[PDB]
Amino acid sequence: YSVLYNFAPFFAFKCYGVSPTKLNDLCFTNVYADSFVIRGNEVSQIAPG
Amino acid sequence: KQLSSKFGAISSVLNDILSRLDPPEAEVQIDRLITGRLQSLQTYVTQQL
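Residues numbered from 1 in each chain as written, not as in the entry; some residues may be left out. Chains lettered and ligands numbered in written order. Part of a larger assembly, values for the part shown. Heavy atoms only, no water.

What the deposited record gives as its method is cryo-EM, and the resolution it gives is 4.17 Å.

Per the PDB entry, chain B is named Spike glycoprotein, and its organism is Severe acute respiratory syndrome coronavirus 2.

Going by the annotation in the PDB entry, the name recorded for chain A is Spike glycoprotein, with Severe acute respiratory syndrome coronavirus 2 given as the source organism.

Student: Before we go on, may I ask you to explain the overall build of chain B in this structure?
Tutor: Secondary structure assignment for chain B yields two helices and zero strands. In terms of overall dimensions, chain B has C-alpha extents of about 40 × 20 × 15 Å along its principal axes. When each of the 49 residues of chain B is scored for burial, the buried share is 20%. As presented, chain B carries roughly 3800 Å² of accessible surface, and 57% of it is formed by carbon and sulfur atoms. For chain B, the distance from the average site of its 5 positive side-chain charges to the average site of its 5 negative ones is 13 Å. (Helix = DSSP H or I, 4+ residues; strand = E, 2+ residues; numbered from the N terminus. Buried < 20%, exposed > 50% of the residue type's maximum accessible area, 1.4 Å probe, protein only. Areas by Shrake-Rupley, 256 points an atom, 1.4 Å probe, with all protein chains shown as cover. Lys, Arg positive; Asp, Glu negative; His and termini not counted. Charge placed at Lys NZ, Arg CZ, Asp CG, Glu CD.)

Student: Is there a simple way to explain the state of the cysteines in this structure?
Tutor: By definition, a disulfide links two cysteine residues through a covalent bond between their sulfur atoms. Under the defined criterion, the tally for this structure stands at zero disulfides over all chains. The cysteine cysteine 15 of chain A is free of any disulfide, with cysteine 27 of chain A supplying the nearest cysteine sulfur at 18 Å. (Disulfide = S-S within 2.5 Å.)

Student: What am I meant to see in the pattern of salt bridges here?
Tutor: Where charged atoms of side chains with opposite charge meet at close range, the side chains can pair. All names here are of chain B. According to the stated counting rule, one finds one salt bridge over all chains in the structure shown. Residues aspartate 16 and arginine 20 are paired through a salt bridge, measuring 2.9 Å at the closest nitrogen-oxygen approach. Of this pair, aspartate 16 and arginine 20 both sit in helix α1 (residues 14–20), four residues apart, which is roughly one turn of that helix. (Salt bridge = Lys/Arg side-chain N within 4 Å of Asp/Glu carboxyl O.)

Student: Explanation requested: the interface of chain A and chain B in the structure shown.
Tutor: One frequently used descriptor of interface size is the decrease in accessible area upon assembly of the parts. Contact residues are listed per partner, giving seven residues for chain A and seven residues for chain B. The tally of links between chain A and chain B comes to zero salt bridges. The tally of links from chain A across to chain B stands at three residue pairs in polar contact. For the side of chain A that touches chain B, the per-class residue count stands at two nonpolar, three polar and two charged. (Contact = heavy atoms within 4.5 Å. Polar contact = N/O pair within 3.5 Å; in protein donor to acceptor, adjacent residues only side chain to side chain. Nonpolar A, V, L, I, M, F, W, Y, C, P; charged D, E, K, R; others polar.)

Student: Even after reading the chapter, I still don't get the environment of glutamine 47 of chain B, so can you show me in this structure?
Tutor: All names here are of chain B. For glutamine 47, the location among the structural elements is in helix α2 (residues 23–48). The class for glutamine 47 is exposed, based on a relative accessible area of 67%. Separated by 38 residues in sequence, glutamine 47 and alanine 9 have C-alpha atoms that sit 26 Å apart.

Spelled out as structure tokens, the structure:
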């Protein structure tokens, strides 16, 4: 996850459940990645509930 | 057996919560676990008495 900050400056990066600093020590399985584009003001709509 | 109950928190394992979360949200997760287990202990002490 050290290559995330080396790509581009992020906009929100708000994280739920896990902190976006201690993401290199816990171990789990089968992540899921989805990609799309949002027209600016509706980024906050991509959230639980 | 009340140790394994989540009490509405992220997880029942306390070290997982302290090792996966920042203290701003770990504070409220700790608070929920403390009040649930304290209610269980109060019930146990009342029944024992």
